[PDB]
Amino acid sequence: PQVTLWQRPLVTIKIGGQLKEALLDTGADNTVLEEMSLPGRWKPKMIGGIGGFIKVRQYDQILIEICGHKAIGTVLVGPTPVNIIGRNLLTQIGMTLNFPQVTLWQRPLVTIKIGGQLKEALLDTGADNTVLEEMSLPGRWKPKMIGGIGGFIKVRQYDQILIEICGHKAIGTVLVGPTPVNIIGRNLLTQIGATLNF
C-alpha cells in the first residue's frame, strides 16, 4: 500500500486479541497505545512529547499486526489521546517515506529554509500541523494552542509562509513556539508529494 497524507494515515492493528485503529507516525520514536488490557509483565517509563511527559507501562516483545503485517517489538501503554505506531515498529513492516526515498531506521530529518534561515526538521506523518522552535519570523501572527502527547503549548500562528523543504517549495501555515523539535506536519507534507509506502 501507498498512502498519501491529505488525511491522517490510520491503520487497523490487532494486539492482545483486540482490534484498534492507530496512526502511522514517522515523527514518533516509540509506539504508544491508549490504556488497554495486555497480559504479562511491564516496566514503568516516562516519555516526552509536545506538551510535556506522560507515564506509561512498557511491554516488551509484544506481537502486533499492522494492517496485516506482523511485528514484534516494544509497545507503550498510557494516557495518549491517539494510538500511534512509531518508528520502532514502522521499520519492521518495511515502511518508507517518499517525496528521495527514506527508510525509518533513523529520524527522517530534512533541511528547511524559512525566514531566510536554515534549520533541521522532522518529517512527521503523525502531526497535523507544522511547529517550529522559537525563531525570528516577520509579519503578523495569531495566538493559538495546540495539543500533543503531554498536553498543550501556546504557539504563534503564521499563515502563507514560504518554506523550502529539502529544496521543495511549499506555502502554508507555520506555528512557532516551545516545541523541542522542529516538525513538518501533513499540511506541508502534502505540498511536497510525501507518501508512506509499506
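The numbering used is simple: start at 1 and walk along the sequence shown.
A chain break between residue 99 and residue 100 is present, corresponding to 4 to 9 residues of the deposited sequence without coordinates. Two stretches are in play, 137-145 and 32-40, and the higher mean C-alpha B-factor belongs to 137-145.
Comparing 66-74 with 22-30, the higher mean C-alpha B-factor in the PDB entry belongs to 66-74. Across 103, 117, 125, 111, the greatest Cα temperature factor reported in the deposited entry is at 103. When the CA B factors of the chain's modelled residues are split into thirds, the value for residue 129 lands in the lowest one. Among all modelled residues in its chain, residue 166 ranks in the middle third by Cα B-factor. Residue-level temperature factors show residue 9 in the lowest third of its chain, judged at the C-alpha atom. Among the modelled residues of its chain, residue 16 has a C-alpha B-factor that falls in the middle third according to the deposited record. Per the deposited record, the Cα B-factor of residue 177 falls in the middle third when ranked against the other modelled residues of its chain.
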